[PDB]
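The structure file work_4.csv is reproduced below (CSV, C-alpha atoms and all ligand atoms).
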```csv
chain,number,residue,atom,x,y,z
A,4,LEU,CA,-21.2,-11.5,-3.4
A,5,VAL,CA,-20.5,-11.5,0.3
A,6,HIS,CA,-17.3,-12.2,2.2
A,7,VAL,CA,-17.8,-12.6,5.9
A,8,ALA,CA,-14.7,-12.2,8.1
A,9,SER,CA,-14.0,-15.4,10.0
A,10,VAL,CA,-11.4,-15.2,12.8
A,11,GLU,CA,-8.6,-17.8,12.5
A,12,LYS,CA,-9.7,-20.4,15.0
A,13,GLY,CA,-9.0,-19.5,18.6
A,14,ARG,CA,-6.7,-16.6,17.7
A,15,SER,CA,-6.7,-13.2,19.5
A,16,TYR,CA,-4.7,-10.0,19.6
A,17,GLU,CA,-1.6,-11.6,21.1
A,18,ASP,CA,-1.3,-14.1,18.2
A,19,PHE,CA,-1.4,-11.3,15.6
A,20,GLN,CA,1.0,-9.2,17.6
A,21,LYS,CA,3.4,-12.1,17.3
A,22,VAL,CA,3.0,-12.2,13.5
A,23,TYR,CA,3.5,-8.4,13.5
A,24,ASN,CA,6.7,-8.8,15.5
A,25,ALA,CA,8.1,-11.5,13.3
A,26,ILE,CA,7.5,-9.3,10.2
A,27,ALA,CA,9.0,-6.3,12.0
A,28,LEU,CA,12.0,-8.2,13.2
A,29,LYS,CA,12.7,-9.5,9.6
A,30,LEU,CA,12.3,-5.9,8.3
A,31,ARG,CA,15.0,-4.9,10.6
A,32,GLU,CA,17.2,-7.9,9.7
A,33,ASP,CA,17.0,-7.9,5.9
A,34,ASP,CA,18.2,-4.3,5.7
A,35,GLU,CA,20.3,-4.6,2.5
A,36,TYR,CA,17.3,-5.1,0.1
A,37,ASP,CA,17.0,-2.6,-2.8
A,38,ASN,CA,20.2,-0.7,-2.0
A,39,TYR,CA,19.5,-0.5,1.7
A,40,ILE,CA,15.9,0.7,1.4
A,41,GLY,CA,14.8,-2.5,3.0
A,42,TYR,CA,11.5,-4.3,2.4
A,43,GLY,CA,9.1,-1.7,4.0
A,44,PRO,CA,8.0,0.1,0.9
A,45,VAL,CA,7.5,-3.1,-1.2
A,46,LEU,CA,5.3,-4.5,1.5
A,47,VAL,CA,3.2,-1.4,1.5
A,48,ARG,CA,2.9,-1.6,-2.3
A,49,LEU,CA,1.9,-5.3,-2.0
A,50,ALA,CA,-0.8,-4.6,0.6
A,51,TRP,CA,-2.2,-1.9,-1.8
A,52,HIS,CA,-2.1,-4.1,-4.9
A,53,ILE,CA,-3.8,-7.1,-3.3
A,54,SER,CA,-6.6,-4.7,-2.1
A,55,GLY,CA,-6.7,-2.5,-5.2
A,56,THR,CA,-8.2,-5.1,-7.4
A,57,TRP,CA,-11.5,-4.6,-5.6
A,58,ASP,CA,-14.6,-3.6,-7.6
A,59,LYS,CA,-17.4,-2.1,-5.4
A,60,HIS,CA,-20.0,-3.0,-8.1
A,61,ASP,CA,-19.8,-6.8,-7.7
A,62,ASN,CA,-17.4,-7.3,-4.8
A,63,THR,CA,-14.9,-9.1,-6.9
A,64,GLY,CA,-11.2,-8.7,-6.1
A,65,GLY,CA,-10.1,-7.1,-2.9
A,66,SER,CA,-7.9,-8.4,-0.1
A,67,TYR,CA,-10.2,-11.0,1.4
A,68,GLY,CA,-9.4,-14.1,-0.8
A,69,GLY,CA,-5.6,-13.9,-0.7
A,70,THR,CA,-5.7,-14.5,-4.5
A,71,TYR,CA,-2.3,-12.9,-5.1
A,72,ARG,CA,-0.9,-16.4,-4.3
A,73,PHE,CA,-2.3,-17.6,-7.7
A,74,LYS,CA,-0.3,-17.3,-10.9
A,75,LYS,CA,-2.7,-15.1,-12.8
A,76,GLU,CA,-2.5,-12.3,-10.2
A,77,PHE,CA,1.1,-13.0,-9.2
A,78,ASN,CA,2.1,-12.5,-12.9
A,79,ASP,CA,0.0,-9.4,-13.5
A,80,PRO,CA,2.4,-6.9,-15.2
A,81,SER,CA,1.0,-4.3,-12.7
A,82,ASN,CA,2.5,-6.4,-9.9
A,83,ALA,CA,6.0,-6.7,-11.3
A,84,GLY,CA,8.5,-6.5,-8.4
A,85,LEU,CA,6.0,-7.6,-5.7
A,86,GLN,CA,7.4,-11.1,-5.8
A,87,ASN,CA,10.1,-9.7,-3.6
A,88,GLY,CA,7.5,-8.9,-0.9
A,89,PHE,CA,5.9,-12.3,-1.3
A,90,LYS,CA,9.2,-14.0,-0.8
A,91,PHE,CA,9.9,-11.9,2.3
A,92,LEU,CA,6.6,-13.0,3.8
A,93,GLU,CA,7.1,-16.7,3.0
A,94,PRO,CA,9.1,-17.6,6.1
A,95,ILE,CA,6.6,-15.7,8.2
A,96,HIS,CA,3.8,-17.8,6.7
A,97,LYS,CA,5.8,-20.9,7.4
A,98,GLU,CA,6.2,-20.0,11.1
A,99,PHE,CA,2.5,-19.0,11.4
A,100,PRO,CA,0.7,-21.3,8.9
A,101,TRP,CA,-2.6,-20.6,10.6
A,102,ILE,CA,-2.9,-17.0,9.2
A,103,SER,CA,-4.8,-16.5,6.0
A,104,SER,CA,-3.0,-15.2,3.0
A,105,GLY,CA,-5.1,-12.0,2.8
A,106,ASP,CA,-4.5,-11.4,6.5
A,107,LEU,CA,-0.8,-11.9,6.0
A,108,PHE,CA,-0.4,-9.6,3.0
A,109,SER,CA,-2.5,-6.8,4.6
A,110,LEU,CA,-0.7,-7.1,8.0
A,111,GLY,CA,2.6,-6.9,6.1
A,112,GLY,CA,1.6,-3.4,4.9
A,113,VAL,CA,0.4,-2.3,8.3
A,114,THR,CA,3.6,-3.5,10.0
A,115,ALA,CA,5.7,-1.8,7.4
A,116,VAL,CA,3.9,1.5,7.7
A,117,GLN,CA,4.2,1.5,11.5
A,118,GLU,CA,7.8,0.3,11.6
A,119,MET,CA,8.7,3.1,9.2
A,120,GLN,CA,7.4,5.5,11.8
A,121,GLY,CA,4.1,6.0,10.1
A,122,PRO,CA,0.7,6.3,11.8
A,123,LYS,CA,-0.9,3.5,13.7
A,124,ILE,CA,-3.2,1.6,11.3
A,125,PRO,CA,-6.0,-0.4,13.0
A,126,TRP,CA,-6.2,-3.8,11.5
A,127,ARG,CA,-8.8,-6.5,11.5
A,128,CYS,CA,-8.3,-10.2,11.1
A,129,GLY,CA,-10.6,-12.7,9.4
A,130,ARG,CA,-9.9,-12.7,5.6
A,131,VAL,CA,-10.4,-16.3,4.3
A,132,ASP,CA,-8.4,-17.8,1.4
A,133,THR,CA,-10.7,-18.4,-1.7
A,134,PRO,CA,-10.1,-20.7,-4.7
A,135,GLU,CA,-8.1,-20.0,-7.8
A,136,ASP,CA,-11.2,-19.3,-9.9
A,137,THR,CA,-11.9,-16.3,-7.7
A,138,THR,CA,-8.7,-14.6,-8.8
A,139,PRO,CA,-9.5,-11.3,-10.5
A,140,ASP,CA,-8.2,-10.8,-14.1
A,141,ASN,CA,-5.3,-8.5,-14.7
A,142,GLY,CA,-5.9,-4.8,-15.5
A,143,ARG,CA,-7.7,-3.6,-12.4
A,144,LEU,CA,-4.8,-1.6,-11.0
A,145,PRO,CA,-4.1,2.0,-12.2
A,146,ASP,CA,-2.0,3.3,-15.0
A,147,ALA,CA,0.6,5.9,-14.1
A,148,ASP,CA,0.7,7.9,-17.4
A,149,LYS,CA,-2.8,9.5,-16.9
A,150,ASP,CA,-4.3,12.7,-15.6
A,151,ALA,CA,-6.4,13.8,-12.7
A,152,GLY,CA,-9.7,12.9,-14.3
A,153,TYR,CA,-8.5,9.3,-14.8
A,154,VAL,CA,-7.3,9.1,-11.1
A,155,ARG,CA,-10.6,10.4,-9.8
A,156,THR,CA,-12.7,8.1,-11.9
A,157,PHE,CA,-10.4,5.1,-11.2
A,158,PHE,CA,-10.7,5.5,-7.4
A,159,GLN,CA,-14.4,5.7,-7.5
A,160,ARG,CA,-14.4,1.9,-8.2
A,161,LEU,CA,-12.6,1.5,-4.8
A,162,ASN,CA,-15.1,3.8,-3.1
A,163,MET,CA,-12.5,6.5,-2.5
A,164,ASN,CA,-13.1,10.2,-2.6
A,165,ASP,CA,-10.7,13.1,-3.3
A,166,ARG,CA,-9.3,13.4,0.2
A,167,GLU,CA,-8.9,9.6,0.5
A,168,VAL,CA,-7.1,9.5,-2.9
A,169,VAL,CA,-4.7,12.3,-2.1
A,170,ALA,CA,-4.0,10.8,1.4
A,171,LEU,CA,-3.3,7.3,0.0
A,172,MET,CA,-0.9,8.7,-2.7
A,173,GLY,CA,1.3,10.1,0.2
A,174,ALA,CA,2.7,6.5,0.4
A,175,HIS,CA,4.8,7.6,-2.7
A,176,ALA,CA,7.1,9.2,-0.2
A,177,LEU,CA,8.3,5.6,0.3
A,178,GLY,CA,10.8,3.6,-1.8
A,179,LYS,CA,11.4,4.1,-5.5
A,180,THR,CA,10.4,3.2,-9.0
A,181,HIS,CA,12.4,0.6,-10.9
A,182,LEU,CA,12.7,0.8,-14.7
A,183,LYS,CA,12.5,-3.0,-15.1
A,184,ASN,CA,9.3,-3.2,-13.1
A,185,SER,CA,7.2,-0.3,-14.2
A,186,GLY,CA,9.0,1.7,-16.9
A,187,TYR,CA,9.7,4.6,-14.5
A,188,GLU,CA,13.0,5.4,-12.7
A,189,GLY,CA,13.9,7.3,-9.5
A,190,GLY,CA,12.3,8.3,-6.3
A,191,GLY,CA,13.4,9.4,-2.8
A,192,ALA,CA,14.5,5.9,-1.8
A,193,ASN,CA,13.2,6.7,1.7
A,194,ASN,CA,12.2,4.2,4.3
A,195,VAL,CA,10.7,6.6,6.8
A,196,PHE,CA,7.0,7.5,6.5
A,197,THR,CA,6.5,11.3,6.3
A,198,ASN,CA,4.4,13.9,4.5
A,199,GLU,CA,7.3,14.7,2.2
A,200,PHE,CA,5.4,13.6,-1.0
A,201,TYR,CA,3.3,16.7,-0.6
A,202,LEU,CA,6.1,19.0,0.3
A,203,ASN,CA,8.1,17.8,-2.7
A,204,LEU,CA,5.1,18.3,-5.1
A,205,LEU,CA,4.7,21.9,-3.9
A,206,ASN,CA,8.4,22.9,-3.4
A,207,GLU,CA,10.5,21.3,-6.0
A,208,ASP,CA,11.3,22.6,-9.5
A,209,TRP,CA,9.7,20.0,-11.7
A,210,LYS,CA,10.6,19.3,-15.4
A,211,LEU,CA,8.7,16.9,-17.7
A,212,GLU,CA,11.3,14.6,-19.1
A,213,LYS,CA,11.4,11.3,-20.9
A,214,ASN,CA,13.1,8.4,-19.1
A,215,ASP,CA,15.1,5.5,-20.7
A,216,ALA,CA,11.9,3.5,-21.2
A,217,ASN,CA,10.6,6.4,-23.3
A,218,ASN,CA,7.9,7.3,-20.8
A,219,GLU,CA,7.3,10.8,-19.4
A,220,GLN,CA,7.9,11.6,-15.8
A,221,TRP,CA,8.4,14.8,-13.8
A,222,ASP,CA,12.0,15.2,-12.4
A,223,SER,CA,13.5,17.7,-10.1
A,224,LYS,CA,17.1,19.0,-10.1
A,225,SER,CA,17.3,17.8,-6.5
A,226,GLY,CA,16.8,14.3,-7.9
A,227,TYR,CA,13.2,13.5,-7.0
A,228,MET,CA,10.5,12.2,-9.4
A,229,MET,CA,6.8,12.2,-9.8
A,230,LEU,CA,4.6,10.0,-12.0
A,231,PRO,CA,2.1,11.9,-14.2
A,232,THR,CA,-0.7,10.7,-11.9
A,233,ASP,CA,1.2,12.1,-8.9
A,234,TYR,CA,1.7,15.5,-10.7
A,235,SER,CA,-2.0,15.5,-11.5
A,236,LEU,CA,-2.7,16.1,-7.9
A,237,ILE,CA,-1.3,19.7,-8.3
A,238,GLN,CA,-2.8,20.2,-11.7
A,239,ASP,CA,-6.4,19.7,-10.5
A,240,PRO,CA,-7.6,22.5,-8.2
A,241,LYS,CA,-9.5,20.2,-5.9
A,242,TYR,CA,-6.6,17.9,-5.4
A,243,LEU,CA,-4.2,20.8,-5.0
A,244,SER,CA,-6.1,22.2,-2.0
A,245,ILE,CA,-5.7,18.8,-0.2
A,246,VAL,CA,-2.1,18.5,-1.2
A,247,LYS,CA,-1.5,21.9,0.5
A,248,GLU,CA,-3.4,20.8,3.6
A,249,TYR,CA,-1.2,17.7,4.0
A,250,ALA,CA,2.0,19.5,3.2
A,251,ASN,CA,1.1,21.8,6.1
A,252,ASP,CA,-0.2,19.3,8.7
A,253,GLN,CA,1.7,16.1,9.4
A,254,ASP,CA,-0.7,14.9,12.0
A,255,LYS,CA,-3.7,15.4,9.7
A,256,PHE,CA,-2.0,13.5,6.9
A,257,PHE,CA,-1.2,10.7,9.3
A,258,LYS,CA,-4.7,10.4,10.6
A,259,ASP,CA,-6.3,10.6,7.1
A,260,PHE,CA,-3.8,8.1,5.7
A,261,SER,CA,-4.5,5.7,8.5
A,262,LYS,CA,-8.3,5.8,7.9
A,263,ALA,CA,-8.0,5.5,4.1
A,264,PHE,CA,-5.4,2.7,4.3
A,265,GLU,CA,-7.5,0.6,6.7
A,266,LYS,CA,-10.5,1.2,4.5
A,267,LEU,CA,-8.6,0.1,1.4
A,268,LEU,CA,-7.4,-3.1,3.2
A,269,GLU,CA,-11.0,-3.8,4.4
A,270,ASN,CA,-13.0,-3.1,1.3
A,271,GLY,CA,-15.2,-6.0,0.3
A,272,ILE,CA,-15.3,-7.6,3.8
A,273,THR,CA,-18.4,-7.9,6.0
A,274,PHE,CA,-17.5,-7.9,9.7
A,275,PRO,CA,-20.0,-9.7,11.9
A,276,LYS,CA,-21.6,-7.5,14.7
A,277,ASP,CA,-19.7,-9.6,17.2
A,278,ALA,CA,-16.4,-9.6,15.4
A,279,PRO,CA,-13.4,-8.4,17.5
A,280,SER,CA,-12.6,-4.7,17.5
A,281,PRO,CA,-9.7,-3.6,15.3
A,282,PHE,CA,-6.3,-4.3,16.7
A,283,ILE,CA,-3.7,-1.6,17.1
A,284,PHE,CA,-0.3,-3.3,17.2
A,285,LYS,CA,2.6,-2.0,19.2
A,286,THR,CA,5.8,-1.3,17.3
A,287,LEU,CA,9.0,-3.1,18.2
A,288,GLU,CA,10.3,0.2,19.6
A,289,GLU,CA,7.2,0.5,21.9
A,290,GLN,CA,7.8,-3.0,23.1
A,291,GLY,CA,11.5,-2.5,23.8
A,292,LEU,CA,12.3,-5.2,21.2
B,301,LIG,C1,-2.9,6.3,-9.4
B,301,LIG,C2,-2.5,5.5,-8.4
B,301,LIG,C3,-1.1,4.8,-8.4
B,301,LIG,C4,-0.2,4.6,-9.4
B,301,LIG,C5,-0.4,4.9,-10.9
B,301,LIG,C6,0.9,4.0,-8.8
B,301,LIG,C7,2.1,3.6,-9.5
B,301,LIG,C8,3.2,3.2,-9.0
B,301,LIG,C9,4.4,2.8,-9.7
B,301,LIG,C10,4.5,2.8,-11.3
B,301,LIG,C11,5.4,2.4,-8.9
B,301,LIG,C12,6.8,1.9,-9.2
B,301,LIG,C13,6.8,0.3,-9.1
B,301,LIG,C14,8.2,-0.1,-9.4
B,301,LIG,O1,8.8,0.3,-10.5
B,301,LIG,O2,8.8,-0.9,-8.6
B,301,LIG,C15,4.8,2.5,-7.5
B,301,LIG,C16,5.5,2.2,-6.4
B,301,LIG,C17,5.0,2.3,-5.1
B,301,LIG,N1,3.6,2.5,-4.8
B,301,LIG,FE1,2.3,3.3,-6.1
B,301,LIG,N2,0.8,3.9,-7.5
B,301,LIG,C18,-0.5,4.4,-7.1
B,301,LIG,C19,-1.0,4.4,-5.9
B,301,LIG,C20,-0.4,3.9,-4.7
B,301,LIG,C21,-1.1,3.7,-3.5
B,301,LIG,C22,-2.5,4.1,-3.2
B,301,LIG,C23,-0.1,3.2,-2.6
B,301,LIG,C24,-0.3,2.8,-1.1
B,301,LIG,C25,-1.2,3.4,-0.3
B,301,LIG,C26,1.1,3.1,-3.3
B,301,LIG,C27,2.3,2.6,-2.8
B,301,LIG,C28,3.5,2.5,-3.5
B,301,LIG,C29,4.8,2.2,-2.9
B,301,LIG,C30,5.0,2.1,-1.4
B,301,LIG,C31,5.7,2.1,-3.9
B,301,LIG,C32,7.2,1.8,-3.8
B,301,LIG,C33,7.5,0.3,-3.9
B,301,LIG,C34,9.0,0.0,-3.9
B,301,LIG,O3,9.8,0.9,-3.4
B,301,LIG,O4,9.3,-1.1,-4.2
B,301,LIG,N3,0.9,3.4,-4.6
B,301,LIG,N4,3.5,3.0,-7.6
B,302,LIG,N1,7.0,10.7,-5.8
B,302,LIG,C1,7.0,9.4,-6.2
B,302,LIG,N2,6.1,8.9,-7.1
B,302,LIG,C2,6.4,7.6,-7.2
B,302,LIG,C3,7.4,7.3,-6.4
B,302,LIG,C4,8.1,6.0,-6.2
B,302,LIG,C5,7.4,4.7,-6.3
B,302,LIG,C6,7.8,5.3,-4.9
B,302,LIG,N3,7.8,8.4,-5.8
```
For the file at hand, write its structure as structure tokens.
Ligand code: HEM
Ligand SMILES: Nc1ncc(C2CC2)[nH]1
Amino acid sequence: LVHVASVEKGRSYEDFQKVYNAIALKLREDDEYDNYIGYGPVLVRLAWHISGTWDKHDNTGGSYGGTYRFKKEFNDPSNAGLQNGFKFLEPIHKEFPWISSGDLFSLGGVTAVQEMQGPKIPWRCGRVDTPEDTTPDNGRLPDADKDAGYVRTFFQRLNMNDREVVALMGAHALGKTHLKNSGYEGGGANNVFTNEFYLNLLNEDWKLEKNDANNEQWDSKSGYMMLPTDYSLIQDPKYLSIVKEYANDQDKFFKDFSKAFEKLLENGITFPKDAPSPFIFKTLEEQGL
């Protein structure tokens, strides 16, 4: 099964920078969302969930087809809460109806990371909407109540190795869990992209507690939390080494996250030899906007 990137007709870097800017401007404007966290973290989560359905074995799922717009995927229990991100992007799509859904969802994640002072994430256009019957079934996104072996095996389906997994999980520095969405509660409620996930893992005093949904999670007296799958990154000795590396090198984390996140968002897509090079968008701050 082959998905060939097809550039939206006649569009170039400047068109996509305009879409980026519209997303970024709305991120700045709609600041009250989720007790003043803003929409950044949920947009990152959305970009990950639309990509994380991919299966390397048959090239089903993935960001290309924009299938999150269809009920089956929209209503995946694993996607509870992401409707907020979709609603945020609706007026963007209305203004720029020419962008494909997969391009919009993935660009939303890139824009959020960058606007939250994260690394630059190169981004490529050309995802093409595919029909409702191409929507992957529910159950391809990961469970949070599992151990390191589960995480490692799960991510093999996405063609991610240990370093890539540990780098991607650093996104859990952003936002928070919500009991009604996932059965977990708490989080740093941060909207600035840093390597603090790793510092928190290594430096906090963690206690295994049950939350009000009767699920186990690790809590610190400082008020942070970790999912069992997060905590597994310090229980497994291979993951632990990488956690220590990223806790001790902000730049290395940024560079590795950028590569892994672009890869995640591009899995399943064949880029023609003459496709445009990846775009690196300027932030609003860099543009003086
Ligand atoms: C084993 C892998 C993973 C598991 C089990 C997992 C699980 C979860 C859960 C349960 C939540 C809370 C949802 C809610 O209650 O609203 C969450 C939130 C979040 N996840 Fe993950 N996740 C994983 C990997 C990732 C990856 C790879 C990324 C991105 C690179 C990511 C980005 C986020 C973000 C940004 C949030 C916060 C969303 C918000 O504040 O609304 N996650 N994750
Ligand atoms: N450390 C940590 N694990 C999960 C979270 C929240 C969902 C963002 N924070």
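Put simply, atom CA of residue 32 of chain A is 16.4 Å away from atom CA of residue 98 of chain A.
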Would you list the contacts of residue 80 of chain A as an NGL selection string, taking every protein, DNA or RNA residue within 12 Å and counting only C-alpha atoms, but skipping same-chain residues closer than 2 positions in sequence? :A and (52 or 74-78 or 82-86 or 140-146 or 183-186)
Contacts of residue 101 of chain A at 12 Å or less, counting only C-alpha atoms, minus same-chain residues fewer than 3 places along, as a ChimeraX atom specification? /A:10-14,18-19,22,95-98,104-107,128-132
Segment 221-231 of chain A environment, 6 Å, only C-alpha atoms, sequence neighbours closer than 3 positions dropped, as a ChimeraX atom specification: /A:148,189-191,208-211,234
Using all atoms listed in the file, find each protein or nucleic acid residue lying at most 9 Å from ligand LIG 302 (chain B); present the set as a PyMOL selection string. chain A and resi 44+48+172-181+187-193+199-201+203-204+227-234
Among the residues A:110, A:8, A:161, A:40, the one that comes closest to residue 67 of chain A [using only C-alpha atoms]: A:8
Could you tell me which of A:56, A:270, A:235, A:244 comes closest to residue 147 of chain A if we count all atoms listed in the file? A:235
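Proximity to ligand LIG 301 (chain B) was assessed for A:139, A:64, A:88, A:275 counting only C-alpha atoms and all ligand atoms; the smallest distance is recorded for A:88.
Remark: for residue 61 of chain A, the closest of the candidate residues A:5, A:163, A:154, A:171 is A:5 (distances computed over all atoms listed in the file).
Comparing A:202, A:27, A:47, A:92 by their smallest distance to ligand LIG 301 (chain B), the closest is A:47 (using all atoms listed in the file).
Distances to residue 265 of chain A were evaluated for A:239, A:33, A:167, A:252 using only C-alpha atoms, and the minimum falls at A:167.
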